[PDB]
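Data first, discussion second: the structure below is written as structure tokens.
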Amino acid sequence: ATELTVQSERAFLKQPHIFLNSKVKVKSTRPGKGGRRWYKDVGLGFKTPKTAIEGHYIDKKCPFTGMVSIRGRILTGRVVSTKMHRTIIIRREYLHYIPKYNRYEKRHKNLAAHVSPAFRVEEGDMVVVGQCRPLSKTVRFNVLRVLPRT
Amino acid sequence: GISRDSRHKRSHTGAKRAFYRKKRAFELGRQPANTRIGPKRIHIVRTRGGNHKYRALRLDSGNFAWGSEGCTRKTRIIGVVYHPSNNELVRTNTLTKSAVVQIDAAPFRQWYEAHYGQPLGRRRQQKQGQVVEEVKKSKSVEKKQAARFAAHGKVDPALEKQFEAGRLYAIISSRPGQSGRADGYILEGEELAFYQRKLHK
Amino acid sequence: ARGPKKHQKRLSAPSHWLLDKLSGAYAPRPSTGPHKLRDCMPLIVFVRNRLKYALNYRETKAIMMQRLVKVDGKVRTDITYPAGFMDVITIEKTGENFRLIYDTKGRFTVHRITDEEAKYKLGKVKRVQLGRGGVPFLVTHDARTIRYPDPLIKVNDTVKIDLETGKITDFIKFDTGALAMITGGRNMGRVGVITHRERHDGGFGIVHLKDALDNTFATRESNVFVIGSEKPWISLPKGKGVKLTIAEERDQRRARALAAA
RNA sequence: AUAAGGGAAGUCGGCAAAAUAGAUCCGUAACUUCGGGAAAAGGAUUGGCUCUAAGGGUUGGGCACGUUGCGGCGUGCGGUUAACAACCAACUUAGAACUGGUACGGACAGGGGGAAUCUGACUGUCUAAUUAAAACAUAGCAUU
RNA sequence: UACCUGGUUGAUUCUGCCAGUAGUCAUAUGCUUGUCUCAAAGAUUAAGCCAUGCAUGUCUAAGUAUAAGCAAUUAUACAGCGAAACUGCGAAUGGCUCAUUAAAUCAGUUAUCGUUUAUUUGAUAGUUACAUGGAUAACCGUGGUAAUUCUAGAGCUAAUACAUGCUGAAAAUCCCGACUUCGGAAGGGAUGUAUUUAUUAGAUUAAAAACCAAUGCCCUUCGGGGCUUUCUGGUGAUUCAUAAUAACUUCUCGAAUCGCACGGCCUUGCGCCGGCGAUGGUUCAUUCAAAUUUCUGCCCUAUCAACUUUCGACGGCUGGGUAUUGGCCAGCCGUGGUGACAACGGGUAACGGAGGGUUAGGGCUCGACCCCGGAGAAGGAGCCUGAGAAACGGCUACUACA
RNA sequence: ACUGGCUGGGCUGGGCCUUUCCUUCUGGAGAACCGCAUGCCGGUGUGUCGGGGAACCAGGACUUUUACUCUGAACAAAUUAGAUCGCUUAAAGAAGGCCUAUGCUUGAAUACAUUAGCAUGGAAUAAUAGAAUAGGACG
């Protein structure tokens, strides 16, 4: 994503419990221990993108470098709207079966998910999302992977 | 009383919902308590499950911890100087979480004098009104103190200037309405430059 | 609904209790305890409905007040006490001991045991972790917690309990080739040997078993209960859980009847 | 100029007088030549004091040579300050706290409204010194 | 049991409807009525109004007995049974009804790494003392009002009611250091648990060296050859479990309680030790749960085609409040969200489901009602106690009846 | 009713060669085919012997994506279909039976729901993706 500045707000943005003002300098491989950027692994065969570990953005809702755990259903869909800030709308299509006439009909539903600044998402792309705790009035899913374009 | 349910809202399609049931014992809310700087005054409240919470109405002192050094001393709060959310919080001198305040620096300076055998922030030498020396009752202490001073290092100039006046900047990191205590830490480093630039401009 | 429930309606009681639909409107409603309400064995049902020692409700509690019957070596005095799998019931005055174990039809049955076998138990382990002060501990399937266990013991295994001092004496790992008994599902009461196990990340792993007659069946991991490697430690009931089909059952039924008479 | 209680019971007839009135924010019917009716009807706010926020102008920008009394030009380039620093200047708009004998367009200035009938389409004109109207004119139409 | 017949014409073959035929755990009514097994029943119109009676209380050997209580007569503190009254628990379960309600309730299926939990079950907490201090009920006696399960002032006495309160241990860790020969040391303080903030540990899972700075050491010929190395749990996944340091708090808990047995030691002192139960108590686990939450699924109507943001309608951030998440609420900043795959609105003689009736197969129709979930107690709002209530056989106020 | 045979004719399935056959590494235990010497009536336990891992188990990596069908798991009692037992028969009920017993013994099965969700085998039918400005594959 494209973000002009990291600190552009009333308060100071920082990861909680990451101490940044130490007199002695010690170099360590651990992410959060030494005083450098913290990140985790979601699991379920999902790989951390390179942009997350080396980026400077601060986000408390991103599945990477954030305080949200992913558990529950995993769904797929196509994005139809990307005109909010860090939020997208996906469309899911399926077929309902009418027993009397022995044939199906088309139906669809709309879903809202949170998109992290690590990914770059455009209209008409397929994405994979995972369930999380309620983050808003109508946001209960988080973007995990962006499939390659044709 | 106050309720925090979502029944009274409007659905995401714009439709208006209908009445479902009367208000429940849960989903309630309570009147906010506005903490102020003054003599101590605290009320008890009986919450869910038989537990208790502590409403703080007026406070004047609390714990503040120095990050780099690692000491925690109790001191008093002089006044509120900045609040990222609302200006009326600053003017009223009412304190909540993430409020920048000013605290007395006397307890922290004294510990530095004992731990390190060097003076910290003394420009009264021009007046020399309160200059005084007490004979140090040992000689092994210089070996111990000079080792500490040469190892840990020196304070940065930004924090040293505040010690001359005797006032230090801090941020409240507790929730006085919930726990009834005002606690925080001394802010320093890059975070100091952000607030100092914002405070006077 | 403004608090917790305290009544149980007949026709809603667990099916495996074998309760007649007439003669009353309510059911014993087992009290809270170590075992789940859905799958438990209330003491009144065992004493009155299976052993038929007590005629009715009034005389069932007369026996209990005399502290004649005890479970796991400690006397219990409430008629609706939830008993469960592997529990040992001892009546000293009459002089026999019982162990609660499923048959091949998915219900509890009476099973005599010898006095020598009535002094130990075994249970599945639920969790292992560090407690207060750094002391390790584990909890079994019947809410027994024991401190300072063997570090080799992990979750899903089974441990032999002294039942007199409450100390672990030997254990069995959970792996292929073990002998297990099912505790939940439609395959309730079957006995088989674990063939291989397949795991799915995100929960609900499954295990494949094999019967003595080369039959095959599968179940979730939460319903498999290892009871031995070979020659199971406890004494299995008659039939050993082989699950004969309906065709063989009527053939055996008439064969047994004519052979006896 | 003012009047207790009543409020057109006075009179050919509400003649005279009273009531409404500035600005900001809500709300607004039948009918219609779709332009209107409309300021329809009908509601709320308004002082003093101490504060907060928003709406502008000017001058400065890195090296490498040559001219000149710390510099003005000749240029040869490169870069787009993740927009900084100093100075200057009037008013218009929005929001919060406190305060009073609940008062505040404090004098002046300043629309009463609604349901219908008869008649001329409208703006315009005439009996100076008793009649300003339904009378005259008008665009449109037709005839010689 | 996969079934048909009468009726348009002077007569005929068709489309086509009217009538006939059978069932109903589907209601009413008329005539008639001997026996055996089973027994539904003020739902439809009025969730309209109610005289009178009942429907919720509770004691063991084990909380408090000076009943001018009874009974015995082993108890000169009490000792058997035991009214009354204080204290503890329950009264939030049952039972009734279908008024509201059209993605709302509900069904099958997921999550709580987003929370509370009386009780039950299993573990678990070393910091005057041979026993601390004031009240009150029952009771005696003196009164008021036409009136109620209304209550006044005076005199006694209890606690498992209310309120105080006692390092009985060491070691180890971290600070200050009286005092030198400069290389360690006299002795001084803190250190259970709960509460609040800041900081640290919580390892990896293929291998061989060579340098700088400089120190536990073994062997030793004093030239030195050198240096093997002790722990670390769990999940698909975390700042998880747990531990250490500096401080904090109108601030907790760590037993001044009760019953049976009658025992063992010698320094024989009204000395010391000792069993089994009852009732409590901090944290973790379990049980009965509760609150939110993922996916898909409801009748007719277009003479309902555009809807939402006055005064939150969609999203970002800092806080407030709640048992916890959340536009649930307060400030500041963006301009979004649903729709012909039927949004929004209007109708329902509409509580949802398991299921009932009728049958070749495919279907049509009903479900107030014994089982599960939700809501209500004449209409609206507010609240106390408590683990749990927005309770009505609990309280406060208005409107309508009385 | 039992048993064997047919170069018996069929049905279902599993192995090889035809240009195709079936991903891969680590570890576990261990066979088959092999010889080594010790012993019986041309085969064999020999042994912490070794050339050696069919198959199996556990762990890691790679594999176009949907619909469809098969088999599993999980899911309520009552109801519907349905097995057993002469309540004097029956609608029901879940009981009962045996010589005589101061005793023994049994039953309270099974199928269906069906939309959505979770796994497994099959690969026809109907869609979908890939190397063309090579931005392609391999060592």
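Residue numbers start at 1 in each chain; chains themselves are named A, B, ... in the order of the structure tokens; ligands are numbered from 1 in the order shown.
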
Report as CSV: every residue of chain A with an atom at most 6 Å from chain E, its closest pair of atoms, and their distance in Å to one decimal, counting only C-alpha atoms (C1' of nucleotides), with rows sorted by chain and ascending residue number.
```
residue,atom,partner,partner_atom,distance
A:42,CA,E:237,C1',4.9
A:43,CA,E:237,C1',5.0
A:44,CA,E:236,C1',5.1
A:107,CA,E:341,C1',5.3
A:136,CA,E:326,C1',5.8
```

Contacts of chain A with chain D up to 10 Å, shortest pair per row, only C-alpha atoms (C1' of nucleotides), as a tab-separated table:
```
residue	atom	partner	partner_atom	distance
A:3	CA	D:82	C1'	9.7
A:4	CA	D:82	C1'	6.2
A:5	CA	D:82	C1'	7.0
```

Do you have, as a Markdown table, the list of residues of chain F lying at most 10 Å from chain C, each with its nearest atom pair and that distance in Å to one decimal, counting only C-alpha atoms (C1' of nucleotides) and ordered by chain then number?
```
| residue | atom | partner | partner_atom | distance |
| --- | --- | --- | --- | --- |
| F:56 | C1' | C:196 | CA | 10.0 |
| F:57 | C1' | C:196 | CA | 7.6 |
| F:58 | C1' | C:175 | CA | 9.7 |
| F:72 | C1' | C:218 | CA | 7.6 |
| F:73 | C1' | C:219 | CA | 6.4 |
| F:74 | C1' | C:185 | CA | 7.8 |
| F:75 | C1' | C:185 | CA | 9.9 |
| F:76 | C1' | C:12 | CA | 8.2 |
| F:77 | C1' | C:12 | CA | 5.5 |
| F:78 | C1' | C:11 | CA | 7.1 |
| F:83 | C1' | C:246 | CA | 9.3 |
| F:84 | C1' | C:250 | CA | 9.9 |
| F:93 | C1' | C:22 | CA | 9.5 |
| F:94 | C1' | C:20 | CA | 7.8 |
| F:98 | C1' | C:261 | CA | 9.0 |
| F:106 | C1' | C:253 | CA | 9.6 |
| F:108 | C1' | C:18 | CA | 7.1 |
| F:109 | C1' | C:246 | CA | 7.6 |
| F:110 | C1' | C:246 | CA | 7.7 |
| F:118 | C1' | C:204 | CA | 8.6 |
| F:119 | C1' | C:206 | CA | 8.9 |
```

Report as an MDAnalysis selection string the set of chain B residues whose atoms approach chain D to within 10 Å, with distances computed over only C-alpha atoms (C1' of nucleotides). chainID B and resid 87:88 91:92

Report as a PyMOL selection string the set of chain A residues whose atoms approach chain F to within 12 Å, with distances computed over only C-alpha atoms (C1' of nucleotides). chain A and resi 73+76+93-99+104+126+147-150

Those residues with C-alpha atoms, as a PDB file, in the first residue's frame please?
```pdb
ATOM      1  CA  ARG A  73     -14.158 -20.465   8.949  1.00  0.00           C
ATOM      2  CA  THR A  76     -13.187 -17.039  -0.682  1.00  0.00           C
ATOM      3  CA  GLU A  93     -22.000 -16.523  -5.381  1.00  0.00           C
ATOM      4  CA  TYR A  94     -23.702 -19.902  -4.990  1.00  0.00           C
ATOM      5  CA  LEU A  95     -26.620 -22.003  -6.254  1.00  0.00           C
ATOM      6  CA  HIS A  96     -29.773 -22.820  -4.284  1.00  0.00           C
ATOM      7  CA  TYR A  97     -31.693 -26.016  -5.069  1.00  0.00           C
ATOM      8  CA  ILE A  98     -35.492 -25.985  -5.408  1.00  0.00           C
ATOM      9  CA  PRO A  99     -36.738 -29.555  -4.805  1.00  0.00           C
ATOM     10  CA  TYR A 104     -31.251 -24.686  -9.223  1.00  0.00           C
ATOM     11  CA  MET A 126      -9.974 -13.062  -5.704  1.00  0.00           C
ATOM     12  CA  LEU A 147      -4.480 -14.637  -5.616  1.00  0.00           C
ATOM     13  CA  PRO A 148      -2.422 -13.760  -8.718  1.00  0.00           C
ATOM     14  CA  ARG A 149      -4.048 -11.913 -11.600  1.00  0.00           C
ATOM     15  CA  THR A 150      -4.729 -13.643 -14.920  1.00  0.00           C
TER      16      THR A 150
END
```

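Among A:80, A:139, A:90, A:74, the residue with the shortest atom-to-atom distance to chain C, counting only C-alpha atoms, is A:74.
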
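With distances taken over only C-alpha atoms (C1' of nucleotides), E:104 is the one residue among E:104, E:77, E:285, E:248 lying closest to residue 16 (chain B).
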
Go through chain E and flag each residue having an atom no more than 9 Å from chain B; for those, report the closest pair of atoms plus their distance in Å to one decimal, using only C-alpha atoms (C1' of nucleotides), ordered by chain and rising number, as a Markdown table.
```
| residue | atom | partner | partner_atom | distance |
| --- | --- | --- | --- | --- |
| E:100 | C1' | B:20 | CA | 8.0 |
| E:101 | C1' | B:20 | CA | 6.8 |
| E:104 | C1' | B:20 | CA | 7.8 |
| E:116 | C1' | B:49 | CA | 6.6 |
| E:117 | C1' | B:49 | CA | 7.7 |
| E:177 | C1' | B:138 | CA | 8.6 |
| E:179 | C1' | B:138 | CA | 8.9 |
| E:182 | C1' | B:140 | CA | 8.5 |
| E:195 | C1' | B:179 | CA | 8.8 |
| E:196 | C1' | B:181 | CA | 6.8 |
| E:197 | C1' | B:183 | CA | 5.7 |
| E:198 | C1' | B:65 | CA | 5.8 |
| E:199 | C1' | B:70 | CA | 7.2 |
| E:246 | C1' | B:71 | CA | 5.1 |
| E:247 | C1' | B:72 | CA | 5.1 |
| E:248 | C1' | B:63 | CA | 6.4 |
| E:249 | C1' | B:181 | CA | 8.6 |
| E:250 | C1' | B:42 | CA | 8.0 |
| E:291 | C1' | B:26 | CA | 8.5 |
| E:307 | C1' | B:14 | CA | 7.1 |
| E:308 | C1' | B:14 | CA | 4.5 |
| E:312 | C1' | B:9 | CA | 8.9 |
| E:313 | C1' | B:14 | CA | 7.3 |
| E:314 | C1' | B:12 | CA | 8.1 |
| E:318 | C1' | B:85 | CA | 5.3 |
| E:319 | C1' | B:85 | CA | 6.9 |
| E:320 | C1' | B:32 | CA | 6.5 |
| E:321 | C1' | B:29 | CA | 6.1 |
| E:322 | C1' | B:29 | CA | 6.3 |
| E:323 | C1' | B:48 | CA | 5.9 |
| E:328 | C1' | B:4 | CA | 4.2 |
| E:329 | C1' | B:4 | CA | 8.2 |
| E:331 | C1' | B:86 | CA | 5.4 |
| E:332 | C1' | B:85 | CA | 7.1 |
| E:337 | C1' | B:12 | CA | 6.7 |
| E:338 | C1' | B:13 | CA | 4.6 |
| E:343 | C1' | B:13 | CA | 8.1 |
| E:344 | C1' | B:15 | CA | 7.4 |
| E:375 | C1' | B:21 | CA | 7.3 |
| E:382 | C1' | B:1 | CA | 7.6 |
| E:386 | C1' | B:50 | CA | 8.8 |
| E:387 | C1' | B:49 | CA | 5.9 |
| E:388 | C1' | B:49 | CA | 8.6 |
| E:389 | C1' | B:25 | CA | 7.2 |
| E:390 | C1' | B:25 | CA | 4.9 |
```

Please identify all polymer residues within 12 Å of residue 63 (chain D), counting only C-alpha atoms (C1' of nucleotides), omitting same-chain residues fewer than 2 positions from it, and present them as a list in words. residues 65, 76, 77, 78 and 79 of chain D

Keeping C-alpha atoms (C1' of nucleotides) for every residue in the selection just given, could you write it to a file as a PDB file, in the first residue's frame?
```pdb
ATOM      1  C1'   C D  65      34.224  27.988 -13.696  1.00  0.00           C
ATOM      2  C1'   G D  76      27.299  24.127 -17.275  1.00  0.00           C
ATOM      3  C1'   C D  77      24.136  20.939 -14.465  1.00  0.00           C
ATOM      4  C1'   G D  78      21.548  18.335 -10.786  1.00  0.00           C
ATOM      5  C1'   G D  79      17.402  18.094  -7.384  1.00  0.00           C
TER       6        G D  79
END
```

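With only C-alpha atoms as the atoms that count, the residue of C:47, C:68, C:1, C:168 with the shortest distance to chain B is C:1.
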
If you run DSSP on the backbone here, which positions in region 42-161 of chain B get alpha helix (DSSP H)? Please write them as a PDB file with N, CA and C atoms, in the first residue's frame.
```
ATOM      1  N   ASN B  87      -9.827  19.182  23.871  1.00  0.00           N
ATOM      2  CA  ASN B  87      -9.165  20.285  24.557  1.00  0.00           C
ATOM      3  C   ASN B  87      -9.795  20.579  25.913  1.00  0.00           C
ATOM      4  N   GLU B  88     -11.112  20.391  26.045  1.00  0.00           N
ATOM      5  CA  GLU B  88     -11.784  20.690  27.307  1.00  0.00           C
ATOM      6  C   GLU B  88     -11.233  19.849  28.451  1.00  0.00           C
ATOM      7  N   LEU B  89     -10.671  18.680  28.144  1.00  0.00           N
ATOM      8  CA  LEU B  89     -10.017  17.879  29.172  1.00  0.00           C
ATOM      9  C   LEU B  89      -8.819  18.613  29.761  1.00  0.00           C
ATOM     10  N   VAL B  90      -8.043  19.291  28.913  1.00  0.00           N
ATOM     11  CA  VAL B  90      -6.866  20.017  29.385  1.00  0.00           C
ATOM     12  C   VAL B  90      -7.270  21.206  30.245  1.00  0.00           C
ATOM     13  N   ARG B  91      -8.219  22.007  29.759  1.00  0.00           N
ATOM     14  CA  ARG B  91      -8.570  23.247  30.443  1.00  0.00           C
ATOM     15  C   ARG B  91      -9.135  22.975  31.831  1.00  0.00           C
ATOM     16  N   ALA B 106      11.560  15.915  42.481  1.00  0.00           N
ATOM     17  CA  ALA B 106      12.432  15.819  43.651  1.00  0.00           C
ATOM     18  C   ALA B 106      12.822  14.390  44.014  1.00  0.00           C
ATOM     19  N   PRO B 107      11.901  13.425  44.145  1.00  0.00           N
ATOM     20  CA  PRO B 107      12.330  12.078  44.560  1.00  0.00           C
ATOM     21  C   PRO B 107      13.284  11.407  43.589  1.00  0.00           C
ATOM     22  N   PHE B 108      13.151  11.666  42.290  1.00  0.00           N
ATOM     23  CA  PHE B 108      13.992  10.986  41.313  1.00  0.00           C
ATOM     24  C   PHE B 108      15.406  11.549  41.271  1.00  0.00           C
ATOM     25  N   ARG B 109      15.563  12.860  41.471  1.00  0.00           N
ATOM     26  CA  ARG B 109      16.897  13.454  41.492  1.00  0.00           C
ATOM     27  C   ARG B 109      17.719  12.946  42.670  1.00  0.00           C
ATOM     28  N   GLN B 110      17.092  12.810  43.840  1.00  0.00           N
ATOM     29  CA  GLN B 110      17.820  12.383  45.030  1.00  0.00           C
ATOM     30  C   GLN B 110      18.405  10.987  44.856  1.00  0.00           C
ATOM     31  N   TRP B 111      17.647  10.076  44.243  1.00  0.00           N
ATOM     32  CA  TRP B 111      18.151   8.725  44.023  1.00  0.00           C
ATOM     33  C   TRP B 111      19.357   8.733  43.096  1.00  0.00           C
ATOM     34  N   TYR B 112      19.348   9.614  42.094  1.00  0.00           N
ATOM     35  CA  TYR B 112      20.470   9.696  41.165  1.00  0.00           C
ATOM     36  C   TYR B 112      21.741  10.141  41.878  1.00  0.00           C
ATOM     37  N   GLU B 113      21.614  11.061  42.836  1.00  0.00           N
ATOM     38  CA  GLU B 113      22.781  11.527  43.579  1.00  0.00           C
ATOM     39  C   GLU B 113      23.395  10.405  44.406  1.00  0.00           C
ATOM     40  N   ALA B 114      22.557   9.560  45.009  1.00  0.00           N
ATOM     41  CA  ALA B 114      23.078   8.470  45.825  1.00  0.00           C
ATOM     42  C   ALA B 114      23.665   7.356  44.967  1.00  0.00           C
ATOM     43  N   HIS B 115      23.011   7.026  43.853  1.00  0.00           N
ATOM     44  CA  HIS B 115      23.475   5.911  43.034  1.00  0.00           C
ATOM     45  C   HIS B 115      24.732   6.278  42.256  1.00  0.00           C
ATOM     46  N   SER B 140      35.536   3.031  49.712  1.00  0.00           N
ATOM     47  CA  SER B 140      35.184   2.018  48.723  1.00  0.00           C
ATOM     48  C   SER B 140      34.025   2.443  47.832  1.00  0.00           C
ATOM     49  N   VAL B 141      33.240   3.428  48.262  1.00  0.00           N
ATOM     50  CA  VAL B 141      32.099   3.893  47.480  1.00  0.00           C
ATOM     51  C   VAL B 141      32.534   4.557  46.175  1.00  0.00           C
ATOM     52  N   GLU B 142      33.649   5.296  46.179  1.00  0.00           N
ATOM     53  CA  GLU B 142      34.145   5.853  44.919  1.00  0.00           C
ATOM     54  C   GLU B 142      34.499   4.769  43.907  1.00  0.00           C
ATOM     55  N   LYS B 143      35.111   3.668  44.349  1.00  0.00           N
ATOM     56  CA  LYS B 143      35.335   2.565  43.417  1.00  0.00           C
ATOM     57  C   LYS B 143      34.018   1.997  42.904  1.00  0.00           C
ATOM     58  N   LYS B 144      33.021   1.870  43.780  1.00  0.00           N
ATOM     59  CA  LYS B 144      31.723   1.371  43.341  1.00  0.00           C
ATOM     60  C   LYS B 144      30.986   2.393  42.481  1.00  0.00           C
ATOM     61  N   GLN B 145      31.004   3.668  42.878  1.00  0.00           N
ATOM     62  CA  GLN B 145      30.234   4.670  42.147  1.00  0.00           C
ATOM     63  C   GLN B 145      30.860   4.996  40.796  1.00  0.00           C
ATOM     64  N   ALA B 146      32.184   5.166  40.748  1.00  0.00           N
ATOM     65  CA  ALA B 146      32.826   5.490  39.477  1.00  0.00           C
ATOM     66  C   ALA B 146      32.677   4.364  38.464  1.00  0.00           C
ATOM     67  N   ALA B 147      32.587   3.117  38.930  1.00  0.00           N
ATOM     68  CA  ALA B 147      32.305   2.014  38.020  1.00  0.00           C
ATOM     69  C   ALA B 147      30.919   2.149  37.403  1.00  0.00           C
ATOM     70  N   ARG B 148      29.920   2.502  38.215  1.00  0.00           N
ATOM     71  CA  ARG B 148      28.568   2.681  37.697  1.00  0.00           C
ATOM     72  C   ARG B 148      28.493   3.849  36.722  1.00  0.00           C
ATOM     73  N   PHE B 149      29.106   4.980  37.074  1.00  0.00           N
ATOM     74  CA  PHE B 149      29.015   6.169  36.234  1.00  0.00           C
ATOM     75  C   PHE B 149      29.698   5.963  34.889  1.00  0.00           C
ATOM     76  N   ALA B 150      30.853   5.298  34.882  1.00  0.00           N
ATOM     77  CA  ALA B 150      31.579   5.083  33.638  1.00  0.00           C
ATOM     78  C   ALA B 150      30.935   4.023  32.756  1.00  0.00           C
ATOM     79  N   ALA B 151      30.088   3.163  33.319  1.00  0.00           N
ATOM     80  CA  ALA B 151      29.498   2.070  32.555  1.00  0.00           C
ATOM     81  C   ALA B 151      28.159   2.457  31.932  1.00  0.00           C
ATOM     82  N   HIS B 152      27.190   2.844  32.764  1.00  0.00           N
ATOM     83  CA  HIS B 152      25.845   3.113  32.264  1.00  0.00           C
ATOM     84  C   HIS B 152      25.831   4.282  31.285  1.00  0.00           C
ATOM     85  N   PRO B 157      20.754  15.650  26.839  1.00  0.00           N
ATOM     86  CA  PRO B 157      20.482  17.059  27.172  1.00  0.00           C
ATOM     87  C   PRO B 157      19.007  17.401  27.279  1.00  0.00           C
ATOM     88  N   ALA B 158      18.142  16.730  26.515  1.00  0.00           N
ATOM     89  CA  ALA B 158      16.723  17.079  26.520  1.00  0.00           C
ATOM     90  C   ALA B 158      16.100  16.860  27.892  1.00  0.00           C
ATOM     91  N   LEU B 159      16.401  15.729  28.528  1.00  0.00           N
ATOM     92  CA  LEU B 159      15.865  15.449  29.853  1.00  0.00           C
ATOM     93  C   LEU B 159      16.566  16.244  30.946  1.00  0.00           C
ATOM     94  N   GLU B 160      17.798  16.695  30.707  1.00  0.00           N
ATOM     95  CA  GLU B 160      18.534  17.415  31.740  1.00  0.00           C
ATOM     96  C   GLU B 160      17.953  18.802  31.980  1.00  0.00           C
ATOM     97  N   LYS B 161      17.485  19.466  30.919  1.00  0.00           N
ATOM     98  CA  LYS B 161      16.946  20.816  31.066  1.00  0.00           C
ATOM     99  C   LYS B 161      15.726  20.832  31.978  1.00  0.00           C
TER     100      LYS B 161
END
```

Write out as a PyMOL selection string every residue belonging to chain C that has an atom at most 12 Å from any atom of chain A, counting only C-alpha atoms. chain C and resi 200-203

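Among the candidates B:93, B:35, B:196, B:75, the residue lying nearest to chain A is B:196 (atoms considered: only C-alpha atoms).
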
Using only C-alpha atoms (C1' of nucleotides), which chain E residues lie at most 7 Å away from chain C, written as a ChimeraX atom specification? /E:92-93,120-123,233,236,241-242,286-289,388-389

May I have the residues within 12 Å of residue 49 (chain F) as a PyMOL selection string, using only C-alpha atoms (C1' of nucleotides) and disregarding those fewer than 5 positions away in the same chain? chain F and resi 35-37

Write out as a VMD selection string all residues of region 46-200 of chain B that backbone DSSP assigns to strand (DSSP E or B). chain B and resid 46 52 to 59 61 to 65 72 to 82 94 100 to 104 167 to 172 184 to 186
